[PDB]
Amino acid sequence: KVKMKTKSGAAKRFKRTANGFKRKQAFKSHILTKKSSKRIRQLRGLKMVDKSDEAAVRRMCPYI
Amino acid sequence: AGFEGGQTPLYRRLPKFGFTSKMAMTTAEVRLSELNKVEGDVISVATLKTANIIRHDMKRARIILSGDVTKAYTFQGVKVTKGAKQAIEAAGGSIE
RNA sequence: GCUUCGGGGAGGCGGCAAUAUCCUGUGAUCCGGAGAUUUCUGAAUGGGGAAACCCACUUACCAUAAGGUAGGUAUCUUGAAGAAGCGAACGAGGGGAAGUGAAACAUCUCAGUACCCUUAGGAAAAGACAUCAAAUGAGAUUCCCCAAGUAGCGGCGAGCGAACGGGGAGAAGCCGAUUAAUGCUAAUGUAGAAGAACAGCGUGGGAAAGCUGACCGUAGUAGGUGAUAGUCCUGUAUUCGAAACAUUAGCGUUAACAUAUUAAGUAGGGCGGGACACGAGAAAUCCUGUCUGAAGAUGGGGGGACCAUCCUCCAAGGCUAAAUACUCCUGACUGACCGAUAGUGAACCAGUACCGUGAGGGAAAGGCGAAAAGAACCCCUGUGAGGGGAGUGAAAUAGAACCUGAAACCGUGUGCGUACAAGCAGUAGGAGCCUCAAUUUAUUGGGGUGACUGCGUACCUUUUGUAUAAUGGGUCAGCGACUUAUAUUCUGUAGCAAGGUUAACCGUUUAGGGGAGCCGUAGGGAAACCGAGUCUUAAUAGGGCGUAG
RNA sequence: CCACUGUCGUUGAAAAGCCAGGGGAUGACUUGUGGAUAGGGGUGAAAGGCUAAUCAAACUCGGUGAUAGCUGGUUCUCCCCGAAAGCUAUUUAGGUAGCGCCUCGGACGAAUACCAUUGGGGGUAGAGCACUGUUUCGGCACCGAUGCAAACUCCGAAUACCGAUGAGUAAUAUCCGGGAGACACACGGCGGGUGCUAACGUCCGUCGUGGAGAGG
RNA sequence: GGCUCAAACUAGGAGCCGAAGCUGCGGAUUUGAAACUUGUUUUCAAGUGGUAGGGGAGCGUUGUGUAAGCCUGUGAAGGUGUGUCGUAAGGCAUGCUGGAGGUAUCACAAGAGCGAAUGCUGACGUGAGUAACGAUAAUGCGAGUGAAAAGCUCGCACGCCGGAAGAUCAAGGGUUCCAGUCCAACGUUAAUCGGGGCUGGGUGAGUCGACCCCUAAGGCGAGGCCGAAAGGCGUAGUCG
RNA sequence: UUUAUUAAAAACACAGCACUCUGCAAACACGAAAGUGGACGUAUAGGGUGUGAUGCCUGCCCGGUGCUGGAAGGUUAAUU
RNA sequence: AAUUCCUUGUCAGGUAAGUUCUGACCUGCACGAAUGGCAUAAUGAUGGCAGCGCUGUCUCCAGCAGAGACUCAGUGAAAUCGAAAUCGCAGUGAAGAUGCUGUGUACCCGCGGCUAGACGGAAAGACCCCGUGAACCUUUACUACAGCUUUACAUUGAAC
RNA sequence: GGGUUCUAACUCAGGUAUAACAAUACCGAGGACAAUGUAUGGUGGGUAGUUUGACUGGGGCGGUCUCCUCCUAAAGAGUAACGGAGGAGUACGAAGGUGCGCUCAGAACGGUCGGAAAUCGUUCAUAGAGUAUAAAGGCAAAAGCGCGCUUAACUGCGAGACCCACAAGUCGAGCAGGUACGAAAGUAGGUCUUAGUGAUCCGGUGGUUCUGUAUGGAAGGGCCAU
Ligand SMILES: [Mg+2]
Ligand SMILES: [Mg+2]
């Protein structure tokens with residue numbers, strides 16, 4: 001049977017929450033000496049996917 | 001899908017995170033309000049399977065406080081939360 | 001077309017397509033079984049060759065002349081028997097693209113696909129654990145529904161994509177589950193046979209339709225018959241036949257082949273590749289070109305690097321039905337499939353005409369009427385073509401180019417307008433004329449025409465913007481473009497409702513059964529884990545995310 | 001056998017010819033018949049020539065319904081609403097995506113708009129030399145007269161924008177969701193840069209019209 | 001056009017014309033509001049230009065059921081006129097033609113609607129009775145036959161070729177060869193003529209050619225070599 | 001000789017010249033290989049390249065890139 | 001100069017007059033010695049320049065012959081084509097008008113000519129640009145591969 | 001640890017016999033070489049598959065592409081041009097924190113070398129200076145200049161805003177813990193501010209119980225930091 005395929009790379013970046021999707025933030029992989037400790041604090045942890053982007057996230061991960 | 005016109009897409013702007021746990025694939029959470037599908041008074045993983053509350057390949061089960069229990073049950077090999085445990089013994093059952 | 005064995009019973013000598021001579025109850029034509037004959041080419045097979053031809057050798061017999069009849073003579077394999085070639089799809093195996101996608105492109109995708117090559121069988125392959133599992137363990141292979149677009153793989157891009165297990169179909173394990181004959185017994189098939197019941201009246205060319213009244217029905221929505229038939233014909237329901245041959249089974253028997261005895265150049269390893277969903281990856285497992293190389297039950301293989309423990313199973317011998325794949329074909333039946341530009345390319349003398357050196361490409365083209373009753377005869381004409389009478393027919397502008405007979409296009413006739421007037425040709429007005437009707441009589445109403453006045457630069461497309469001198473269309477007719485399948489989300493509607501719903505399957509089949517699974521009912525967190533909470537934190541603070549299907 | 005020149009012919013008598021002239025004409029000659037070399041291959045006294053009227057990779061069939069951000073086309077009717085030609089990004093620039101703008105459904109209910117009164121901040125028009133520069137004349141760099149400036153300001157509006165309060169008027173604003181289209185814009189004003197205060201020029205801002213709007 | 005104490009200009013005034021604007025009258029429609037309240041009724045208010053595009057309501061067509069119905073030779077479908085009804089798509093009736101089928105209603109399913117795609121097929125226009133009738137070697141007349149004669153036959157004369165435009169072949173074709181008969185089509189006109197139609201006839205070999213014997217180039221090739229397969233090569237030979 | 005079908009030439013070829021390769025199972029070329037051509041030839045031969053009768057002639061540069069020879073040293077694969 | 005841009009260089013010759021030609025100079029943008037240099041008899045349907053002869057090439061066309069064209073009879077195409085009741089001018093206007101404005105002119109219809117316009121026909125511009133189009137060619141672009149070559153192992157051994 | 005020799009593998013496109021080809025036998029010549037398979041380094045337009053940007057008053061050429069400052073910019077924000085002008089791709093363990101203290105450029109007068117201008121004294125001097133660096137804005141409570149002690153150039157966060165298509169970016173009181181300086185109230189999460197920058201993937205490193213494919217480990221993965 002033919003089914004919709006998940007974007008397997010989008011599934012690795014997005015996770016289902018109750019009313020949205022959670023995500024990690026960018027700019028934390030490398031180049032971290034020059035960054036202030038406020039930015040190192042506040043770029044750590046989960047954000048929610050933006051309301052303008054959750055349509056694309058739903059199109060990309062249809063089974064989550 | 002996932003194409004922004006050439007701008008690097010959102011899912012590739014962002015980092016991958018987490019790992020997938022195999023243990024979570026075989027643990028089933030059971031609500032107090034599903035227990036009306038159980039035949040008898042004993043509540044074990046096998047009994048939940050034959051009630052079809054959990055999938056037949058689930059190894060573990062957890063009973064959580066979602067609805068209410070209408071009769072006294074005997075939960076044998078399942079994990080029971082704090083509120084679920086108090087509600088179970090308020091209805092008159094026991095956990096072992 | 002010859003013989004025979006069965007069927008059948010009155011016509012017949014295939015079609016276009018008739019005519020003649022004839023055959024036929026001394027049983028024809030026709031149908032079914034069997035046999036006989038069976039030119040030449042083609043595997044083509046005596047040699048050769050531009051297929052349908054040329055040239056032979058040899059044995060036996062007959063002839064006496066320059067031959068005739070019946071044979072034999074290819075190659076390969078196996079020890080006389082086989083093979084060869086052809087032909088649907090499906091199987092197994094040896095080789096194996098690229099366009100494309102990645103919005104470029106090289107890894108990757110396409111795809112082990114197309115194609116080429118080899119070779120089977122009614123199926124093939126696989127198959128009995130050196131298999132999984134980690135549960136109270138299960139117990140070969142194949143196929144279907146789930147698991148699941150999950151776990152993974154992946155320039156972690158585009159994509160690719162399991163398994164465990166659950167529910168089904170089918171079940172089987174052996175060491176001869178082989179092949180080919182023959183002979184019985186049974187059944188089938190290949191021709192056939194019987195097979196109910198309607199009349200009157202009116203209309204009509206014709207009755208099956210109308211009106212009236214009957215009948216049959218284990219037979220009433222069949223195809224025909226001059227219009228629509230249960231009772232007119234062929235049929236249908238039902239009951240049924242086989243001398244001969246085939247096929248399927250069961251049995252018996254024969255003759256061919258096969259019949260391991262537990263597995264070493266093997267398992268494992270180095271190097272290079274390949275296959276595993278898995279692209280070298282931390283990469284198990286399988287396969288092997290190259291180089292090596294055990295233990296052998298006090299042993300060995302696997303459990304996804306690897307080690308220990310535990311479980312499990314014994315490779316290096318062979319086999320094995322079903323459930324699964326397919327359709328060149330045969331039979332029966334079916335269709336919210338087509339109806340002549342459709343449906344096969346092909347309803348028709350089509351893989352034809354035609355085109356091409358060739359491989360190959362590849363059409364157009366159906367219909368009188370119920371019955372030819374297909375128009376004797378006469379007339380014009382050239383014994384032509386064509387027509388007009390006569391005749392036939394219900395009908396002949398149904399007359400053979402024949403049902404109906406649209407449009408483009410081209411005539412003839414009638415009415416009105418039009419030869420001093422400038423353009424998308426109409427429109428709004430409007431005189432006159434012509435013609436039908438009324439009307440107690442030139443007035444209205446309908447129709448045709450349109451002098452004269454006003455206004456007025458086609459349509460489509462594409463554009464900032466088109467009369468545009470931008471695009472497209474000579475015209476007509478016919479055909480020609482948002483589908484289908486699955487997944488998914490939202491909306492409506494219906495049923496059930498904290499529940500809803502089954503899938504494959506089974507089913508004497510839209511039912512009933514089948515609960516495997518899926519969605520909902522809880523979230524938080526990477527996760528373990530906890531749970532109306534949870535995460536972060538030293539924090540019980542703060543903060544994040546949470547608190548009718 | 002060839003093909004140098006010209007006329008003709010060019011829907012030809014002909015998909016390469018005719019006519020009149022021209023060259024080789026015992027040679028590296030011409031010609032018959034049969035054969036050989038095959039597609040990234042052949043063959044080539046070399047022009048990328050020729051390989052069946054096909055050649056910078058033949059033809060046929062197949063992969064194949066190649067792909068085509070491009071062009072064309074897209075068939076009945078009526079009712080309601082109704083854009084955009086912008087910003088951001090883009091191997092992007094005539095494509096696409098988020099946002100803006102359109103529509104439909106739901107939620108919400110004055111939170112919206114207009115005006116009056118009122119609380120704000122500003123550095124523009126104007127203006128001016130207090131700074132930075134620049135300019136002229138006089139007196140003796142400074143004094144006094146006198147000009148000018150996008151990147152000068154001692155000053156400084158109107159408007160506009162952000163608030164408050166209050167009437168009336170009004171088919172408001174906002175949020176969540178289904179479906180878009182659009183991201184070539186043009187002109188006339190106004191304020192400018194650019195150009196020549198040239199352009200039916202170009203680039204912004206801002207209004208109106210056209211786009212998608214007939215009528216006078 | 002034409003205009004001069006304007007029909008120009010300036011400053012004033014009064015009349016009038018002038019749009020699909022506004023008003024009047026009739027009708028329809030969207031939304032909202034009020035009440036017999038799913039059009040059951042009346043009103044009222046605000047609306048009703050529109051491309052891309054979104055939303056809403058319908059028409060027709062083929063087919064299935066409803067339908068063993070209903071209609072239909074006292075005339076179905078289709079064709080072609082007319083009348084009539086609806087906002088439209090369109091419906092209804094009916095004359096003529098036609099001669100055997102059609103289909104109400106409500107559901108249901110679409111090969112469901114065409115003017116454009118230098119769209120596809122067929123038919124038929126315009127150009128236009130226009131260009132042309134294919135070597136400028138050439139014809140004239142008399143007879144004959146015939147429906148008909150420039151073109152056929154016969155005759156006389158004329159002209160052209162004559163290293164061909166005559167003759168014999170090979171190749172290729174395949175009956176075109178000869179006679180009779182016919183003239184629709186074919187022949188670039190007509191045709192009595194023909195390489196056209198139809199019917200008959202015609203090809204005679206020891207010596208000519210083929211076959212045959214022989215070999216060239218070049219093929220094929222018991223065995224043989226080589227190659228994943230397919231195949232490639234090659235000896236003896238065997239063809240050519 | 002050539003662009004069959006818009007170019008016939010100054011283009012190609014040519015006899016002649018030079019360089020260079022090749023000792024024969026030649027180099028070289030076709031081919032997967034077998035088998036071939038070179039050639040039943042043998043350095044006065046055969047291949048490749050340039051130049052192009054003939055006359056007079058053909059200067060300088062070995063840094064670059066090739067080619068030929070050399071190998072002291074540096075670096076360097078699989079393997080181990 | 002088959003090479004020279006400036007450039008028709010300069011000077012000489014030829015002509016009445018010569019951007020070409022011939023000779024020479026050297027200031028060679030940017031000749032040069034086997035991608036040969038400079039010459040060269042003969043040869044060439046080769047390039048340039050100059051003469052004689054000859055001429056309808058021309059001044060400047062005339063006459064004549066044949067074949068068409070034209071008329072009649074027979075046969076009977078073509079491309080094109082939204083539809084046409086299809087005039088000029090000056091304006092206008094998607095910016096060059098038969099079709100719009102104003103105006104001027106014009107009775108209806110052929111035939112022989114003709115080509116100024118219908119941005120005439122013909123060919124989805126080859127120029128130019130664009131497309132994350134194609135092809136083929138090049139190379140010290142990238143990445144591969146054939147081929148050629150190196151070494152290890154195997155085929156592969158013995159003695160000193 | 002290299003040569004030399006041998007022959008028996010292997011080779012012969014040598015001779016003789018086997019009809020011919022080939023093979024075979026013998027002889028002869030070579031010979032552990034050659035040659036071939038696997039692996040490997042080099043060479044390799046001989047051959048393939050492809051790439052070779054965009055903006056742009058047509059394209060090419062040139063220039064540019066990200067960030068900061070001023071203007072254009074129409075007195076809120078924003079706002080284009082291949083418009084006009086300039087900077088950045090750093091620096092600093094002090095040039096950061098704090099407590100305390102200070103005030104600059106110039107001009108004139110006096111004074112040894114000594115001047116136009118060195119250092120010293122005086123008088124005016126709101127900044128005509130400085131601010132690591134461009135410009136703008138700012139700066140006396142100095143943000144400018146010294147000195148002592150120091151590590152707040154902290155860890156966990158953060159109400160609330162600004163900006164914004166997203167991804168990002170910016171400001172931030174307050175709370176907890178630890179700290180520095182101050183007698184203290186306090187101030188301090190870098191530097192007057194606005195440039196000094198680069199997503200994801202992949203890989204490395206320091207930590208961590210989170211996971212760990214029968215089980216215990218481990219490998220690998222995750223989380224935090226880089
Ligand atoms: Mg008819
Ligand atoms: Mg050709």
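Residue indices run from 1 on each chain, following the sequence as it is written; they may not match the entry's numbering, and residues absent from the coordinates are omitted. Going through the entries in the order they are written, you letter the chains from A and number the ligands from 1. For these chains, which sit within a larger assembly, all listed values pertain solely to the part presented. Side-chain numbers here rest on the full set of heavy atoms in the structure, without hydrogens or water. Residues with missing side-chain atoms are left out of burial classes, side-chain pairs and their counts.

S.K.: Help me out: how do you make sense of the pattern of salt bridges in this one?
M.R.: Where charged atoms from two side chains of opposite charge approach closely, those side chains can pair. Residue and element names in this part refer to chain B. Between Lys or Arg on one side and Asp or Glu on the other, a salt bridge is scored when a side-chain nitrogen of the former is within 4 Å of a carboxyl oxygen of the latter. Counted according to the given criterion, the structure contains seven salt bridges over all chains. Put simply, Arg 31 and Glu 29 hold a salt bridge, and the shortest N to O gap is 3.7 Å. A 1.4 Å probe rolled over the protein chains alone gives each residue an accessible area, and that area as a share of the maximum for its type sets the label: buried under 20%, exposed over 50%, partly exposed in between. Judged by its relative accessible area of 34%, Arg 31 is partly exposed. Assessed through its relative accessible area of 46%, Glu 29 is described here as partly exposed. Between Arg 31 and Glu 34 there is a salt bridge, with its nearest N and O atoms 3.6 Å apart. Residue class for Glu 34 comes out buried when judged on its relative accessible area of 17%. Several salt bridges share partner residues, and in doing so they unite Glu 29, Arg 31 and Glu 34 into one network.

S.K.: It is not clear to me how the interface of chain B and chain A should be interpreted in this structure. Could you clarify?
M.R.: By a widespread convention, an interface's size corresponds to the accessible area lost as its parts come together. Any two residues whose heavy atoms approach within 4.5 Å at even a single point are treated as in contact. Taken together, the contacts link 10 residues of chain B with 16 residues of chain A. Once two parts are brought into contact, the accessible area they lose, counted with a 1.4 Å probe and summed over both, makes up the buried area. Among the residues chain B hides against chain A, the three largest losses belong to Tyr11(B), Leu14(B) and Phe17(B). Together they make up 51% of the total. The interface formed by chain B and chain A holds zero salt bridges in total. Side-chain classes are defined by residue name, with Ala, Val, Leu, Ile, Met, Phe, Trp, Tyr, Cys and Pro counting as nonpolar, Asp, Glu, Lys and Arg as charged, and the others, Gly among them, as polar. Here the side of chain B that touches chain A is built from residues that sort into six nonpolar, one polar and three charged.

S.K.: Sorry, what's going on with the protein's contact with RNA strand H here?
M.R.: Of all residues adjacent to RNA strand H, which total 35 residues, the nearest are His30(A), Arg39(A), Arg44(A), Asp53(A) and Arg13(B). At 3.1 Å, a side-chain N or O of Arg41(A) approaches a base oxygen of RNA strand H. Within 3.5 Å is the distance limit for a polar contact, defined as a pair of N or O atoms, with the added protein rule that one can donate a hydrogen and the other accept it, and that residues adjacent in sequence qualify only through two side-chain atoms. The side chain of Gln7(B) places a nitrogen or oxygen atom 3.0 Å from a base nitrogen of RNA strand H. A run of H or I in DSSP becomes a helix once it reaches four residues, and a run of E becomes a strand once it reaches two; helices and strands are each numbered from the N terminus. Of all the secondary structure elements, the ones that give two or more residues to the surface near RNA strand H are β2 (21-24) and α2 (37-42) of chain A together with α1 (10-13) of chain B. Grouping the amino acids of the surface near RNA strand H by side-chain chemistry returns 12 nonpolar, nine polar and 14 charged. Whether a residue is near a molecule or strand depends on its heavy atoms: it is near if one of them lies within 4 Å of it.

S.K.: So what exactly am I meant to see when it comes to the side chain of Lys35(A) here?
M.R.: Residues and elements named next belong to chain A. Structurally, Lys 35 is set in the loop between β2 and α2. In terms of polar contacts, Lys 35 uses its side chain to reach the backbone carbonyl oxygen of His 30, at 3.4 Å. Contact partners of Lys 35, with chain neighbours within four places excluded, come to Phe 27, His 30 and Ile 40.

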